[PDB]
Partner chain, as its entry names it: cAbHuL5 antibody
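Given next, in structure tokens, is a single chain: the form deposited without its partner chain.
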């Protein structure tokens, strides 16, 4: 599913993402936007290390979900990477919360650092009623 901006903002808000571990809804929107252009079936294979990024948040198979084909990988979200390719984002949100429960927080995603950190992200939630 390809989410429309404001539709996604309210979806994330209803799932408990606004301020989760101090991360505003605008930051999560900026992350999904730059990671997948709001696309739940987005995927990116990393030929360099045999891992794959899955879904709207592009969560990596090496540590967060199991796809059965990444060497010595773990599954901290206790999910099949397939769960991260559903139109319903509940499972992807539960995993994203798990990622940020670690030391780096939202910084776990390099793209957040490159295009969201120290930027004006207000535009992502403006007019969404969140």
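Positions refer to the first chain, counted from 1.
Remark: stretch with higher mean C-alpha B factor among 76-84 and 27-35 is 76-84. Comparing 105-113 with 8-16, the stretch with the higher mean C-alpha B-factor in the PDB entry is 105-113. Between the residues 40, 66, 60, 44, it is 44 that shows the highest Cα B-factor in the PDB record. Sort the chain's modelled residues by C-alpha temperature factor and residue 49 lands in the highest third, per the entry.
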